[PDB]
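*Asks:* Residue numbers (PDB author numbering), protein chains in the order written: chain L7, 104 to 163, 174 to 193; chain Lg, 14 to 65; chain Li, 94 to 188; chain LR, 34 to 179; chain La, 38 to 148; chain LO, 100 to 148; chain Ll, 27 to 380; chain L8, 112 to 152. Each residue gets a CB set at the ideal place from its N, CA and C atoms; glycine is no exception. One structure, pasted below without further comment.
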Amino acid sequence: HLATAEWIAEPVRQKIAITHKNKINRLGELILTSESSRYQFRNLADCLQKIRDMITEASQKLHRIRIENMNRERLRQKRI
Amino acid sequence: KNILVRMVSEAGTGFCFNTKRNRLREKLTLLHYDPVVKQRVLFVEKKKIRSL
Amino acid sequence: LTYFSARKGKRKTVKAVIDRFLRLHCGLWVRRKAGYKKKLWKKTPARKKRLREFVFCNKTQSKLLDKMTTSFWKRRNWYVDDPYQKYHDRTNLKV
Amino acid sequence: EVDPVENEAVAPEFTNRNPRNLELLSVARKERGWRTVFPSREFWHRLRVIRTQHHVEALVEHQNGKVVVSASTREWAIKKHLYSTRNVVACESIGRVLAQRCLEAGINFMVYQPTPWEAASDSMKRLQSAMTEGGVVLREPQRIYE
Amino acid sequence: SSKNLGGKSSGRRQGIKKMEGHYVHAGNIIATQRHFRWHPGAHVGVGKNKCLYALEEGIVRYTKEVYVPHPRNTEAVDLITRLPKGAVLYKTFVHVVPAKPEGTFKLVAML
Amino acid sequence: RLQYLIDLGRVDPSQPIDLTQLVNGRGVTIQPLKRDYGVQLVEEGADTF
Amino acid sequence: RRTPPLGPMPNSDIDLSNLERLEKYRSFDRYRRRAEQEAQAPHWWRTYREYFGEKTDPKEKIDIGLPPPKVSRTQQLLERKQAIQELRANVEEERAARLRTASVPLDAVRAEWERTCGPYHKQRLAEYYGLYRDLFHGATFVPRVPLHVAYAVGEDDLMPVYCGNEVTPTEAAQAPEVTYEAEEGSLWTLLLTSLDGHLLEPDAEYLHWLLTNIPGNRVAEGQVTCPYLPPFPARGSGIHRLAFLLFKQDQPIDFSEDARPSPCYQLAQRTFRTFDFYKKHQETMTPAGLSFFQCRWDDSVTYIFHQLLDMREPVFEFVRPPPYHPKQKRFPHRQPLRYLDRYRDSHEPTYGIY
Amino acid sequence: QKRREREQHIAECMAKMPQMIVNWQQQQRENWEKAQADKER
RNA sequence: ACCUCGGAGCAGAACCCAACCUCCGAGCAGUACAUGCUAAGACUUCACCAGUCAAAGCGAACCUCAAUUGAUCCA
Ligand SMILES: [Mg+2]
Ligand SMILES: [Mg+2]
Ligand SMILES: [Mg+2]
Ligand SMILES: [Mg+2]
């Protein structure tokens with residue numbers, strides 16, 4: 104549960120919730136899954152390092178969507 | 014009439030490519046991709062290996 | 094080759110085969126392509142990469158090299174950091 | 034046991050039927066090949082301009098041959114404001130009107146396949162400038178082959 | 038005597054490797070040719086020895102289509118621009134009709 | 100392999116296990132003449148160890 | 027052995043006797059126009075069009091729309107010729123055309139385009155977007171009433187919904203503002219449906235709005251038989267299509283078997299098939315307008331999915347079919363080591379019985 | 112020490128490099144200019 | 001006299017096809033300097049060796065030609 108995560112500070116608990124919404128369930132839990140090895144010890148290591156990199160990074174196709182959004186503005190220019 | 018010539022990178026990498034030039038031409042200087050610096054750098058002719 | 098030596102009465106290896114080829118434990122033989130360090134200024138880059146590949150051998154050539162080497166060269170070898178440790182076995186191979 | 038909602042019944046495969054779907058996602062095939070003839074058919078949409086003796090027609094066409102959006106001087110729409118229907122002004126104004134129709138149809142990218150004399154003509158330069166400054170990008174994004 | 042020498046080259050083993058209606062995978066050579074006998078059509082790439090390969094997985098289909106050359110192939114435009122009016126040249130093109138959908142939309146979560 | 104040997108009682112876990120206990124319990128065969136330098140412990144079966 | 031041709035040969039009716047007294051094409055362009063005309067000709071040989079084109083039925087797509095507006099061609103043509111005469115009589119117009127400094131007013135152009143050929147251009151856009159195929163199963167109607175739809179975004183902003191432009195669910199959270207130019211005494215029906223968007227049935231759509239028995243342009247006094255639910259395209263499902271349909275009613279219609287509940291947030295009740303709708307009520311009204319937009323996933327959709335529809339948010343991903351890789355051989359004769367890596371399953375070391 | 116010396120020599124060469132590029136390129140464009148001069152003759 | 005390589009006929013239409021059979025050529029030249037790297041799938045001169053084409057990807061940009069050639073060891 105990212106909200107009740109006292110081991111994470113609040114400034115960064117909130118940046119993670121806006122940076123990893125695609126990984127937050129409706130129960131407010133951050134979910135991490137690793138399947139790149141046949142040893143659950145190595146998969147758990149990958150998941151824990153993913154959490155650690157989330158905290159560190161919080162502490163510190175795009176061309177298509179950019180042009181589509183820009184042309185969405187040349188039409189939403191409809192002022193009243 | 015033509016010659017094979019070793020061209021050595023001036024990036025200090027030690028990369029070396031071999032190409033051909035007419036003998037009655039001057040020493041070749043080229044822009045070639047050195048993959049050690051991952052960039053297109055100057056190469057200058059440092060030896061004649063044979064006649065092709 | 095020598096099928097029975099004169100000092101030990103045993104079969105001998107062809108050290109030419111040993112100095113040229115690599116045997117994987119699965120029974121496959123690996124070689125380099127002929128002319129990979131020759132006249133490269135006339136070779137195109139696709140051909141040069143093709144020559145730089147490590148390629149396998151025939152069934153006929155494999156049986157021939159297995160006959161020209163002794164059973165010491167077919168044992169399983171547990172080297173420290175062998176780059177062919179993956180290829181020493183077959184996976185998902187049907188018939 | 035937890036009673037399931039009669040709403041959360043989703044099929045294991047979504048079936049989007051929008052013709053534009055995989056093309057706006059960049060994951061759709063472009064018709065490669067035809068590399069001994071002209072024009073190329075490796076595009077999703079294309080701008081094709083037809084300059085007849087009297088009129089100028091510009092169309093945005095799918096690779097199917099289906100025509101998406103079009104602008105011609107044969108319309109009274111463009112006729113009642115132009116002096117002439119075959120001038121550099123005609124090509125420019127058709128460029129502006131189709132650019133507007135493309136933006137409202139959602140067509141933001143297309144291929145333009147010119148001929149060298151069309152490319153070096155000044156009517157087509159004013160049309161491409163009109164489309165580019167009206168919002169239409171005249172190079173299509175590449176396919177995410179993987 | 039016999040002052041004719043050479044001529045001892047073997048056959049190139051060229052021609053069609055995948056006839057009509059055969060299933061083909063991406064990369065498979067459909068034909069090999071010294072001259073452009075069969076032309077690249079839909080989803081069929083051409084390699085620099087004029088060889089024809091399948092760009093998509095599908096079914097090889099031969100057709101006869103019209104021939105409009107690139108307006109930079111000086112040789113072919115010169116013929117087209119001397120051709121009589123009402124005359125459309127045709128050639129034999131090879132097409133791969135692709136067999137599988139580019140992909141499917143599957144459920145991956147229930148977030 | 101180590102867990103299987105321990106469970107079948109061929110290697111005593113209550114004593115320090117060394118190469119001698121692993122060749123006496125006959126879980127590894129070492130050939131110093133084939134340039135064997137001993138035993139390497141590998142990760143297989145770390146999840147049920 | 028030879029077989030005679032099954033029909034006319036292509037370059038057959040060209041007289042090969044007077045080849046030097048026959049006219050030639052001296053232009054790549056002129057050859058190209060003839061080439062493409064033959065290319066679109068039917069032809070009795072095997073064709074790219076035969077193997078790749080869409081072979082729809084020649085059922086001659088049935089019109090289901092309000093009759094075409096009647097105009098007087100002679101008076102219209104006379105007015106247009108006189109107007110062009112005045113425009114060319116202006117000297118400054120000729121100056122601007124020769125100096126290439128002229129311009130054309132896009133707003134006026136768009137207004138009378140909406141009046142003149144906009145209906146047919148919209149019909150072609152709908153057919154390209156496949157809305158008739160999926161709403162009316164092939165039947166086509168010329169949109170003869172301009173249905174202006176916009177979304178109130180910000181305080182002074184509107185995002186219009188023309189003919190397939192993208193509108194985000196953040197911009198489509200609340201109901202749109204609609205305007206159809208009508209006369210008094212004409213009852214109407216406005217409908218919003220998401221064609222692509224049903225999460226269970228692949229054939230069905232989702233009803234979003236069913237304003238019925240509507241006074242006239244007045245869009246606030248029509249029975250709200252189904253309330254606006256904002257579009258909800260799932261994440262990774264791609265671009266969905268959402269169509270606002272406007273039908274002109276003759277008699278006042280009783281909509282009691284198509285009356286969705288009040289705070290209706292159940293998708294099994296929000297399933298809709300416009301073919302069944304228009305079939306059961308065909309003899310009462312006729313389609314008149316069509317405004318459509320394209321919708322993708324946005325953060326607001328997590329809200330619609332979680333709070334409004336009491337459900338977990340569906341997430342989908344495009345998966346591409348796996349690679350071919352022919353049957354593996356015991357002796358892969360001239361292949362590299364990457365072969366054995368192609369048939370390998372796991373990248374980590376295995377040890378077998380050791 | 113050998114690795115540091117190699118990387119530092121590479122660093123000095125790549126530090127001097129862009130200026131080398133611009134004046135070699137001006138010599139090349141210049142060589143085009145004399146070539147066009149003797150082809151104007 | 002010939003011995004290796006390529007094009008045409010014999011060998012008319014998938015492939016292949018011999019003669020001290022009939023003809024013609026090759027043992028390069030030009031350009032480039034990403035003529036970088038890598039990697040699915042294929043072709044194949046009737047074996048092997050050798051030879052050929054190539055999607056996707058990384059990095060950049062925004063090859064002509066028909067043959068035009070020589071293994072291993074060793075230097
Ligand atoms: Mg011959
Ligand atoms: Mg022969
Ligand atoms: Mg073969
Ligand atoms: Mg590529």
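Identify the contact partners of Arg129 (chain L7) in chain La, using a Cβ-Cβ distance below 8 Å as the criterion.
*Replies:* Simply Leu148.
*Asks:* Residues in the segment 46-58 of chain Ll with C-beta within 7 Å of chain La's C-beta atoms, listed in sequence order?
*Replies:* Per Cβ criterion, the list reads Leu48, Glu49, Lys50, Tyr51, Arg52, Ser53, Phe54, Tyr57 and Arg58.
*Asks:* With a Cβ-Cβ cutoff of 8 Å, do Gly144 (chain LO) and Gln102 (chain LO) count as a contact?
*Replies:* Yes. Within cutoff.
*Asks:* Going along chain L7, which residues have a C-beta under 9 Å from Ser372 (chain Ll)?
*Replies:* Going along chain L7 in sequence order, the residues near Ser372 (chain Ll) (Cβ under 9 Å) are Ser140 and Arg141.
*Asks:* Need the endpoints of the beta strand (DSSP E) that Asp47 (chain Lg) sits in, please.
*Replies:* Counting along the chain, the beta strand (DSSP E) containing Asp47 (chain Lg) begins and ends at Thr42 to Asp47.
*Asks:* Once DSSP output is grouped into helix, strand and coil, what is the label at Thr328 (chain Ll)?
*Replies:* If DSSP states are grouped into helix, strand and coil, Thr328 (chain Ll) belongs with the helices.
*Asks:* Take every Cβ of the segment 139-156 of chain Ll, pair it with every Cβ of the segment 148-159 of chain LR, and state whether three or more of those distances are shorter than 8 Å.
*Replies:* At 8 Å Cβ cutoff, the stretches do not touch.
*Asks:* Just to check my reading of the structure: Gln333 (chain Ll) and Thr310 (chain Ll) have Cβ atoms closer than 8 Å, yes? What is that Cβ distance to the nearest angstrom?
*Replies:* Not a contact, Cβ separation roughly 37 Å.
*Asks:* I need the straight-line Cα distance from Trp143 (chain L8) to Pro131 (chain Ll), nearest angstrom please.
*Replies:* Their backbone Cα atoms lie some 50 Å apart in a straight line.
*Asks:* List, in order along the chain, the chain LR residues whose C-beta lies closer than 7 Å to that of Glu181 (chain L7)?
*Replies:* Within 7 Å Cβ-Cβ: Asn141.
*Asks:* With a threshold of 6 Å on Cβ separation, who are the neighbours of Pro358 (chain Ll) within its own chain once the five nearest residues in sequence on each side are excluded?
*Replies:* Within the same chain, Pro358 (chain Ll) has close Cβ partners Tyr365.
*Asks:* Following a CB-centred definition, is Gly44 (chain La) positioned closer than 7 Å to any heavy atom of ligand 1?
*Replies:* Flag set: Cβ of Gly44 (chain La) near ligand 1.
*Asks:* For the beta strand (DSSP E) that contains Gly84 (chain La), what are its first and last residues?
*Replies:* Residues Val81 to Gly84.
*Asks:* For the segment 27-47 of chain Ll, enumerate the residues whose C-beta is nearer than 8 Å to any C-beta of chain La, in chain order.
*Replies:* Answer set for the segment 27-47 of chain Ll: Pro36, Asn37, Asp39, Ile40 and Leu45.
*Asks:* Taking three-plus beta-carbon pairs below 8 Å as touching, is the segment 278-290 of chain Ll in contact with the segment 128-145 of chain Ll?
*Replies:* No contact exists between the segment 278-290 of chain Ll and the segment 128-145 of chain Ll.
*Asks:* Three or more beta-carbon pairs under 8 Å between the segment 20-37 of chain Lg and the segment 54-62 of chain Lg, yes or no?
*Replies:* Yes, they touch.
*Asks:* Closer than 8 Å is the cut-off here; do at least three beta carbon pairs connect the segment 33-45 of chain Ll with the segment 114-131 of chain La?
*Replies:* Contact between the segment 33-45 of chain Ll and the segment 114-131 of chain La is present, because at least three Cβ pairs lie under 8 Å.
*Asks:* Which residues of chain Ll have a Cβ atom closer than 8 Å to the Cβ of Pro174 (chain LR), listed in chain order?
*Replies:* Here the premise fails: no neighbours, minimum Cβ distance about 15 Å.
*Asks:* For the putative contact between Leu104 (chain LO) and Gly126 (chain LO), defined by C-beta atoms under 8 Å, what is the C-beta separation to the nearest angstrom?
*Replies:* The Cβ separation is near 4 Å, so the contact holds.
*Asks:* Verify whether the separation of the beta carbon atoms of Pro256 (chain Ll) and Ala198 (chain Ll) is less than 8 Å.
*Replies:* A contact, by the Cβ cut-off of 8 Å.
*Asks:* Using a cut-off of 7 Å between C-beta atoms, extract the partners of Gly123 (chain La) located in chain Ll.
*Replies:* Simply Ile40 and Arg60.
*Asks:* Spell out whether any CB of chain Li is found under 8 Å from the CB atom of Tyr369 (chain Ll).
*Replies:* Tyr369 (chain Ll) counts as touching chain Li.
*Asks:* Give the DSSP bridge partners of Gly95 (chain La), in chain order.
*Replies:* Partner(s): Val61 (chain La) and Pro135 (chain La).
*Asks:* Using a Cβ-Cβ distance under 8 Å, would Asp284 (chain Ll) count as near chain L7?
*Replies:* It does not: the Cβ of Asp284 (chain Ll) has no partner Cβ on chain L7 nearer than 8 Å.
*Asks:* So, are the CB atoms of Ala201 (chain Ll) and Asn243 (chain Ll) less than 8 Å apart?
*Replies:* Not a contact, by the Cβ cut-off of 8 Å.
*Asks:* Under the three-state reduction of DSSP, which class applies to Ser162 (chain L7): helix, strand or coil?
*Replies:* Three-state result, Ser162 (chain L7): helix.
*Asks:* If you reduce the DSSP assignment to three classes, tell me which class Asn35 (chain Lg) lands in.
*Replies:* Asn35 (chain Lg) falls in the strand class under three-state DSSP.
*Asks:* Which whole-angstrom value is the C-beta distance of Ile127 (chain LR) and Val89 (chain LR), which I expect to be below 8 Å?
*Replies:* The Cβ separation is near 5 Å, so the contact holds.
*Asks:* Under a CB-based cut-off of 8 Å, is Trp77 (chain LR) close to chain Ll?
*Replies:* Not one chain Ll Cβ lies under 8 Å of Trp77 (chain LR).
*Asks:* Residues of the segment 233-248 of chain Ll in Cβ contact with chain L7 at a cutoff of 9 Å, in chain order, please.
*Replies:* Those residues of the segment 233-248 of chain Ll that come within reach of chain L7 (Cβ to Cβ, closer than 9 Å) do not exist; the list is empty.
*Asks:* Taking only the alpha-carbon atoms, compute the straight-line gap between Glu138 (chain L7) and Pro340 (chain Ll) and give it to the nearest angstrom.
*Replies:* If you take the alpha carbons of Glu138 (chain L7) and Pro340 (chain Ll), they lie about 22 Å apart.
*Asks:* For chain Lg, check one thing: does any of its Cβ atoms lie closer than 8 Å to the Cβ of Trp135 (chain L8)?
*Replies:* Yes, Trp135 (chain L8) counts as interfacial toward chain Lg.
*Asks:* If you draw a straight line from the alpha carbon of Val60 (chain LR) to that of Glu179 (chain LR), how long is it in whole angstroms?
*Replies:* The alpha-carbon atoms of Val60 (chain LR) and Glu179 (chain LR) are separated by roughly 8 Å.
*Asks:* My assumption, with CB atoms under 8 Å, is that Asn51 (chain LR) sits in contact with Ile265 (chain Ll). Please give the rounded CB distance.
*Replies:* With a Cβ gap of about 6 Å, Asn51 (chain LR) and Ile265 (chain Ll) count as contacting.
*Asks:* Within the same chain, show all residues whose beta-carbon is closer than 8 Å to that of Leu133 (chain Li), passing over the 5 residues directly before and after it, in chain order.
*Replies:* Only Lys141 meet the Cβ criterion.
*Asks:* Rounded to whole angstroms, what's the CA-CA distance from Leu316 (chain Ll) to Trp110 (chain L7)? Just pull it up for me.
*Replies:* In a straight line, the C-alpha of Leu316 (chain Ll) is about 55 Å away from that of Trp110 (chain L7).
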